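To start, the structure itself, in structure tokens.
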Amino acid sequence: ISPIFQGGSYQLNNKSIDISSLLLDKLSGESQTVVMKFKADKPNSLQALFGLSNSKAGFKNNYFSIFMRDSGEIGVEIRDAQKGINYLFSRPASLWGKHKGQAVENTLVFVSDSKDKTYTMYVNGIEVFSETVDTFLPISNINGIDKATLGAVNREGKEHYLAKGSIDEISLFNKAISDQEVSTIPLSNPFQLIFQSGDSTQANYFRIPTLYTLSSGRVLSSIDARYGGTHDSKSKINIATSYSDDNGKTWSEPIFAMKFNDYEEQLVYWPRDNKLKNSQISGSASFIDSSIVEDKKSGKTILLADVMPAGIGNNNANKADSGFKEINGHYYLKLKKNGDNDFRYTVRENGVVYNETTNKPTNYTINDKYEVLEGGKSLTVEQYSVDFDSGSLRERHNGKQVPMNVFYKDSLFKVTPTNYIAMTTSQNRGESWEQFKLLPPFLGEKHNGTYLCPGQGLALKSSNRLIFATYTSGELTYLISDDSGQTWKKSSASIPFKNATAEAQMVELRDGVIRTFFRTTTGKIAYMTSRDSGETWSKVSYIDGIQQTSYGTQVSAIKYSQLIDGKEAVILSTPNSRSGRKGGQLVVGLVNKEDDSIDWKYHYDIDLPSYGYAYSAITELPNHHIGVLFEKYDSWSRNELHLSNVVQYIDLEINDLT
């Protein structure tokens, strides 16, 4: 249908624009849609973009408003004091401010549907909330409405929530437009989605993006496909991948690199209220924190990730246990059988489950997929599903039989409840992934596994050496392979931190010279250098000019292939803030050939200082553009949990950064 009101190019300069005589007598019926294209690159802390109010004395709480915060949050209020209704619906991190030095035109679509008693908000094509109420309040049915306002709400004759920004286009309809119709509305998005709600993964949430440019020109991405909201393990999380063959313009439908089937792949709207938001899937196995590298010699793509058994994460993982038994120099995965209080079993050669107490092989084997067989016959478990139908999280059997895996809750034989690292390989550059295999322990039998640094591995330019950074208490633990990931050795580098999340990413400054940039607990990004291809490592130094929070955030880093200002260049990606995970920047550093020092010469603001930016992935696209896939929200904030479609992709050129 045609709009009932359409207006454009309104400047919001801390002075409301009254549209009462154009709109108010045009509003009719109980369902309305607002379509608004607007910019706000210097917003006030809290500002109303659009308002319908009773502006009369004594009715200050009789209004409808579409508001935003300088955090990037969008929301609505629908209030009527007589009816006793005060709805507030909102979602953090819903907006863009700036891209490539220019204000972003956001496209907002708000549907107020009286038939379904539901209020739905879309920003930039993404549904940010959809709220069903038992008592519907039509937006123009508020008692005594007499003002329609842009850039404020008129309360008792005065301008409240004054806005700074502009509305290039605003339209209103006396209909609740359908989701199909919404999807036809043109967008001017500065970003794309690689992974997204409703795709092949059926995860409603994503975190921990990676990117890597392959020799074919294909660009590969991996990610945590997180099902139980945005929580770290314990949860249900799979590792998903997607690739682009056109310099990031389009991306393949995601597939899994690593997955468990003990719990169903469920698209769940995780509760965000203060009572229920900490609900965590507690009986599922999971993967977490992936990293990718390409091997020159074999042409294989290699992907590593942490593996967590059922119910396990960092918080409850058995410390002082690798989950392996050393027997004359060899490591064998330990197993506990149901009924036993101790781990009496190991997985020997050819998957033979061996009883250590009686020194006899059993009639059980573990196959390549870590599944339990008895006399060659595949054993099964019943899959679980999750729901909030009863008012709290429930995890229950769903009738479906799946192969019994030693990482599962219901398995007859169980692994040590601790963290592991696994690797998978692709021989077709991410079109399919081989079954993963656990990595052996590197710091001994009674030391739990190290934690993989998400992002990229390092493939040294002038050799066959592959390196994945990991971290543990007191050190970075580099995993080095010279034979296409068939065998790994460790290289330990002490850091002056106990129990820190020292997420580390590497660049090769010149042949065999590696600089590692890493997250710390000091509010500063740290670095160390190896001048012997990762064999030995320097003491720790810190970068000035970039701020992080006390808890820190992952930093991504690349060595750019082209000279900038006649010098070799390194690019870092990180939030630059001492307050939160916001103020994302790409920082361009020029290497001094005299001493390998770096002049951090250019700081490119991804978006506003106040808009969210957490974990990130950067890669040089084959055409020398920069691809950035990043968490566009504060992934630490307990106020910004369980947001959909916040991991976003952008394309930048060097001239944008400098």
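What is reported rests on the model, the rules as stated and the sources as named; no laboratory read-out is quoted. Don't worry about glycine lacking a Cβ; one is built from the backbone with ideal geometry, like all the others, and counts go over all protein chains shown.
Screening the candidates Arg396, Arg429 for the property of being out of contact with any helix residue (DSSP H, G or I) (no Cβ under 7 Å at 6 or more places or on another chain) and assigned to a loop (DSSP other than H, G, I, E, B) yields one hit, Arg429. Checked against the criterion of being surrounded by 14 or more Cβ atoms within 10 Å (Cβ to Cβ) and over 33 Å from the mean Cα position of the chain (by Cα), the candidates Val347, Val406 yield just one match: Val347. Output the number of the condition that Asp289 fails; it satisfies all remaining conditions of (1) within 30 Å of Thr357 (Cα to Cα); (2) in the same structural domain as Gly627 (by CATH); (3) of a type in the set (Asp, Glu). Status for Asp289: all satisfied but (1). Considering segment 582-596, and only residues there that are touching a residue at least 40 places away in the same chain (Cβ under 8 Å) and assigned to a strand (DSSP E or B), the residue that is surrounded by the fewest Cβ atoms within 10 Å (Cβ to Cβ) turns out to be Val591. Quick one: is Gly8 in contact with a strand residue (DSSP E or B) (Cβ under 9 Å, 6 or more places away or on another chain), of a type in the set (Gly, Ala, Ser) and either free of Cβ contacts under 8 Å to residues at least 60 places away in the same chain or crowded, with 19+ Cβ neighbours inside 10 Å (or both)? Taking the combined requirement at face value, the residue does not satisfy it.
Apart from one condition, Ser286 fits all of (1) surrounded by 15 or more Cβ atoms within 10 Å (Cβ to Cβ); (2) closer than 25 Å to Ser426 by Cα; (3) in contact (Cβ under 8 Å) with a residue 60 or more places away in the chain; the exception is (3). Residues in segment 23-44 that are aliphatic (A, V, I, L, M), part of a loop (DSSP other than H, G, I, E, B) and over 27 Å from the mean Cα position of the chain (by Cα): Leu27 only. Sub-7 Å Cβ pairs linking a first residue in segment 81-96 that is over 17 Å from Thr132 (Cβ atoms) to a second residue that is among the aromatic types (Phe, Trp, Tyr), at least 6 apart or interchain, are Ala81/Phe59; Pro92/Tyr633; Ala93/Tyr633, ordered by first then second residue.
For segment 120-175, filtered to residues that are within 31 Å of the chain's Cα centre (by Cα) and assigned to a loop (DSSP other than H, G, I, E, B), the residue that is surrounded by the most Cβ atoms within 10 Å (Cβ to Cβ) is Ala163. Against the test of being hydrophobic (A, V, I, L, M, F, W, C) and in contact with a helix residue (DSSP H, G or I) (Cβ under 9 Å, 6 or more places away or on another chain), the options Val109, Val133, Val104, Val128 yield a single qualifying residue, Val109. Taking the criterion of being of a type in the set (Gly, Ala, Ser), within 25 Å of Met404 (Cβ to Cβ) and assigned to a loop (DSSP other than H, G, I, E, B), the residues of segment 256-307 that qualify are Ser282, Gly283, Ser284, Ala285. Scanning segment 350-370 for residues that are more than 21 Å from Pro417 (Cβ to Cβ), assigned to a loop (DSSP other than H, G, I, E, B) and under 38 Å from the mean Cα position of the chain (by Cα) yields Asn367, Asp368. For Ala422, the conditions (1) surrounded by 17 or more Cβ atoms within 10 Å (Cβ to Cβ); (2) assigned by CATH to the domain that holds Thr346; (3) not in a loop (DSSP other than H, G, I, E, B) are fulfilled apart from (2). Which one is nearest to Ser610 (Cα to Cα) among residues in segment 522-569 that are basic (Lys, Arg) and surrounded by 13 or more Cβ atoms within 10 Å (Cβ to Cβ)? So the residue we want is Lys524.
Summed over segment 437-462, residues that are part of a loop (DSSP other than H, G, I, E, B) and over 10 Å from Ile421 (Cβ atoms) total 12. For segment 536-569, which positions are within 20 Å of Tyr212 (Cα to Cα), in contact with a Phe, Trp or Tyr (Cβ under 7 Å, 6 or more places away or on another chain) and outside any loop (DSSP other than H, G, I, E, B)? Across segment 536-569, the qualifying residues are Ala557, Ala569.
The set of residues in segment 493-538 being among the basic types (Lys, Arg) and in contact with a strand residue (DSSP E or B) (Cβ under 9 Å, 6 or more places away or on another chain) consists of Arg510, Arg515, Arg519, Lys524, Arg531. In this structure, does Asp599 turn out to be assigned by CATH to the domain that holds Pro496, part of a strand (DSSP E or B) and either free of Cβ contacts under 8 Å to residues at least 12 places away in the same chain or acidic (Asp, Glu) (or both)? In short, yes.
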